[PDB]
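# Summary of the model geometry
So you can see what is in the structure, the chains are spelled out below.
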Amino acid sequence: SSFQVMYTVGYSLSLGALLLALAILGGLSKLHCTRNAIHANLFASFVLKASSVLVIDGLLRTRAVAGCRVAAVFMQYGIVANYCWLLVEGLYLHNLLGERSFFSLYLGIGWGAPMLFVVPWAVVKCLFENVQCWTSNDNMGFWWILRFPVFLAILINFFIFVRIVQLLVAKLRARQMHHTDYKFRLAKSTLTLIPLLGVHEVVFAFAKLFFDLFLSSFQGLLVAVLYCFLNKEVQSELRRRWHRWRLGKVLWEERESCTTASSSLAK
Amino acid sequence: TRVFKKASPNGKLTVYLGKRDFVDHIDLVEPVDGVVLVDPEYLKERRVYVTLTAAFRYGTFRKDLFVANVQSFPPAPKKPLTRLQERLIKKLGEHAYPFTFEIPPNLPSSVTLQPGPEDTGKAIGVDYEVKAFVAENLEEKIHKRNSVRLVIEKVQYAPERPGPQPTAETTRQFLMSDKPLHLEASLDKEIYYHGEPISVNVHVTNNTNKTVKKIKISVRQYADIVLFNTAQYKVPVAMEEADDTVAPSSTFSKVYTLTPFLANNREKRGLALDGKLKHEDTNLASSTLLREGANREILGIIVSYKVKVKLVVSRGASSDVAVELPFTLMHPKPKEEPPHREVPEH
Amino acid sequence: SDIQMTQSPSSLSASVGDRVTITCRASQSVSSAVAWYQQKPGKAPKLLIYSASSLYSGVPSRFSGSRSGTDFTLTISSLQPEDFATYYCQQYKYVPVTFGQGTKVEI
Amino acid sequence: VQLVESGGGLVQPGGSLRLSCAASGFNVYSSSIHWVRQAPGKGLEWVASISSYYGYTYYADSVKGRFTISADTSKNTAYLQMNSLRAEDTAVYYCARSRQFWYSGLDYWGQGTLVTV
Amino acid sequence: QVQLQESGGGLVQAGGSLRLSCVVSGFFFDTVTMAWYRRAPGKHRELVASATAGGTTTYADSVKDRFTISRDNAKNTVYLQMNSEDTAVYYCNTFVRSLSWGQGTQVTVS
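Reading guide: rules and limits
Residues numbered from 1 in each chain as written, not as in the entry; some residues may be left out. Chains lettered and ligands numbered in written order. Heavy atoms only, no water. Residues with missing side-chain atoms left out of burial classes, pairs and counts. Helix = DSSP H or I, 4+ residues; strand = E, 2+ residues; numbered from the N terminus. Rg over C-alpha atoms; globule rule 2.2 N^0.38 Å. Contact = heavy atoms within 4.5 Å. Nonpolar A, V, L, I, M, F, W, Y, C, P; charged D, E, K, R; others polar. Pairing = 2+ DSSP bridges. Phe/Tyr/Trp six-rings, centres within 6.5 Å; stacked < 30°, edge-to-face > 60°. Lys NZ or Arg CZ within 6 Å of the ring centre and 35° of its normal.

For this coordinate set, the PDB header names cryo-EM as the determination method and states a resolution of 3.5 Å.

For the rest of this paragraph, the subject is the overall build of chain E. Scanning chain E for helices and strands turns up 0 helices and 10 strands. When the helices and strands of chain E are listed from N to C terminus, the series reads β-β-β-β-β-β-β-β-β-β. Here chain E has a C-alpha radius of gyration of 13 Å; the compact-globule value for 110 residues is 13 Å, and the two agree. Structurally, chain E occupies a C-alpha span of about 35 × 30 × 25 Å along its principal axes.

To continue, consider the interface of chain A and chain B. With 19 residues of chain A at the contact, the number on the chain B side is 31 residues. Those elements giving two or more residues to the side of chain A that touches chain B turn out to be α11 (232–250) and β1 (261–264) of chain A. The dominant element in the side of chain A that touches chain B, judged by the number of residues it contributes, is α11(A), at 5 residues. When its residues are assigned to classes, the side of chain A that touches chain B shows 8 nonpolar, 7 polar and 4 charged. Across 4 bridges, the pairing between β1(A) and strand β1 (residues 2–5) of chain B is antiparallel. Along β1(B), the bridge assignment pairs A:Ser264 with B:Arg2.

This next bit is on the arrangement of the chains. If you rank the 7 pairs of chains in contact by how many contacts each has, first place goes to chains A and B. Nowhere do chain A and chain D come into contact; their C-alpha atoms are at least 20 Å apart. Left apart from each other, chain D and chain E have a closest C-alpha approach of 27 Å.

All right, on to the packing of aromatic side chains then. Any pair of aromatic rings gets described here by the distance separating the centres and the angle formed by the planes. Summarising the aromatic geometry, the rings of A:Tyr7 and A:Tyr11 are spaced 6.0 Å apart at their centres and angled 75° between planes, so their arrangement reads as edge-to-face. Taken together, the residues span about one helical turn, with A:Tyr7 and A:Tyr11 both in helix α1 (residues 2–26) at a distance of 4 residues. Ring geometry for D:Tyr54 and D:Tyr56: centres 6.1 Å apart, planes at 40°, overall tilted. Taken together, the ring pairs in this structure connect C:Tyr37, C:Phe99, D:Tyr94 and D:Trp109 into an aromatic cluster. For E:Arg66, the ring lying beneath its charged end belongs to E:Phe67, and the centroid distance is 4.9 Å. Positioned above the aromatic ring of E:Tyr37 is the side chain of E:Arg97, whose terminal nitrogen or guanidinium carbon lies 4.2 Å from the ring centre.

To continue, consider the environment of A:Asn157. Residues and elements named next belong to chain A. The residue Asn157 is located in helix α6 (residues 147–173) in this model. Considered as a pair, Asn157 and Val123 are 34 residues apart in the sequence and their alpha carbons are 29 Å apart. Sequence-distant contacts of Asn157, that is, excluding residues within four places in its chain, are made with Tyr83, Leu86, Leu87 and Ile194.

Next up on the list: the interface of chain D and chain C. Interface size is commonly expressed as the accessible surface area that is lost when the partners come together. Each side of the interface is counted separately: chain D has 17 residues, and chain C has 15 residues. Those elements giving two or more residues to the side of chain D that touches chain C turn out to be β3 (33–38) and β4 (44–51) of chain D. Looking at which element gives the most residues to the side of chain D that touches chain C, the answer is β4(D), with 3 residues. For the side of chain D that touches chain C, the per-class residue count stands at 8 nonpolar, 6 polar and 3 charged.

Next up, the structure:
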């Protein structure tokens, strides 16, 4: 039924769209841009979470204690890092509207401290509650030790979100960056990702269950299109490459006369 | 005191041109002069048309940029005669009908792209052509045997007043902060004559922990070839490298000599070369001047030359810091006339 | 086919101030690639006129060259006392780069 | 603007002699170097020419293939490696200079080296 | 390649006659306007006598009532005769000066 074919389809195009974004954002004229240094790492967190999801489903279909050992550990870390690096982007807009020491701090929020709070969950497996592989349907004794960072990150994300709307409205009220191509473009995509993803997790935490399965599946595609496909700067670069390729082909496809003499002039 | 002729295949038409090249200024273009001779008992059509057209050859087809219509009919409905034009009329007689042209300013120069190893025959590039034919009406077809096809080239020369010397500075820091990597370079002059050496002075100091690998020096020629859509091209006409390394907390200063020439660039497809009459070889088509704030919608090849210096670091995976210095390379002002062929003919 | 150029005057004697004419007949047809060189006894040659109509920088204005068809000629208005030399013709329109037979001038 | 050369030494049939011509004040890529041979008492004669910009080498019919001419950029010098000289080669060699672009004849000439075989 | 084979001319006395001939190979005479160019003891070749296929014996103002011209397409040649300062070398080309020039022959009027 739709519980399986649709479930694997939703993640099927997530990696394809995200990996295509990685190829585009990997090497171009803006490979070292600070703006793209955050989006590229955000896609990696989505790829890491999505990759661990697909292998878990395949292993269950085939059926191994050791087989799921590699898959599940990054799955729980990826979803936590997904929200942790989501706060990184939110603070980036606040710093932009308010590199250097920020880059070190931003890395610690996304790929730093959350790794320190995900290890204790993975550490206590042989000590207590091994229950073969993880199922996440047992008693809540081991719960809320990994759900705290994502709940905390959502709460802080709203604090910046409330601040950012008032700052932009006040600034745009009297000239300033009313229709700029740099601050507005980042804020337009930020204004949708933080609330919609934030309210999805908290509301469903406390046929409804089936309706929330593909919502997370499209999160990777939704982020990629709003950050890479919708971005105007890359489209100009993409059009330049497309025009150059088209022009190069056109100039190099494979598919009586009397000699000029001379005469003496009166002077 | 010499003119150029091109007889018609039937021998009933010939167009006299004083010079085969015309100087293009910032906003002024030298007018095209000359006369056309038609023998009696042949002007029954009562219409002589001399047309100057510029077309972009690609692949093949001709994309006409600008087309001029001048009629040399015996009625000839002011156009004061130039001294060169008047001299031709007196020698030939009263049967010569003078014609004149007024090329609009801000037009692409005669530049032809260099063919690659896989030759395609006709050379792709912007070419100016002057043709004369006789027919009853304009819509009537014109045969090659009953017309002439004289090719002319529009060229530009370096201004008499050199501009300021190029100079630029850049600084890049990666994830370590403080102790900036200073890098700056300069050129002796903005305008360089053809064949003259290009000397660049580079001053690099590296106070950071990361070392500096070999320095890359290259000269890049940009061809803004647009006929349907804009597409900038990059060609390293000159390239030389040195294995000099910059130690941490040290200052480096050296001068590198560069020379752009096509002796080793004959195998580089896509290079832009000056106007070719029939098969002669030109020399690294010069840059095209622009009238300051002019529109960039010119449908043609625009040539610009720049110098790029690249330094790669070892990162303790390698990153490069590059600053580009534009420069001008044009021919000087000819005294008598430009020889539009190889002077030593074998 | 090779091109051979002959200089009709081989040697002549003249005083100071007379009008001396030196002609040079060419076998083939050369548009303007004609140059004349001066040579003192035991001295390096020096260019006098290029393109058969132009004048080189630093050369005295008394020298003048004219072209009428194919017999390029060089004319000197006043023969200065130190102007004696041997004049050599040249062509640079073809590969051979053929020189003239020379015209020795003495006072 | 000044060209200096030595080209000294007795020459025997079936031998070789390398001529070094130093060029100062100008480069090679914008100035084609020509060598002119003048027999003692006879007229001038052109033997070889080098165009480094276009990479073209030209030779006289009588000396085709016998001589070797090359130029260098580091020191801006023109070399004329002649091999297997015949009896009819006693003359004076001049290192003429011209313009690579807008050719206007040989304006600068070398001092002249006497070669006797 | 066009062979401008012209013959005729030499030592001529005052009031005499000197027939001139010219044979052109590799070209058609159906519709061409001959011009019969003549040089001067100096330079600056001028026009003397122009004649098309049918009539139209256009003559230079200095040679009226002294020269005669004729043309024959069948033999593929052009003929010029003179009766009675005119000493110069004669050339032969069309009115448009399309064919290549030749050395020609020179006549002397004594």
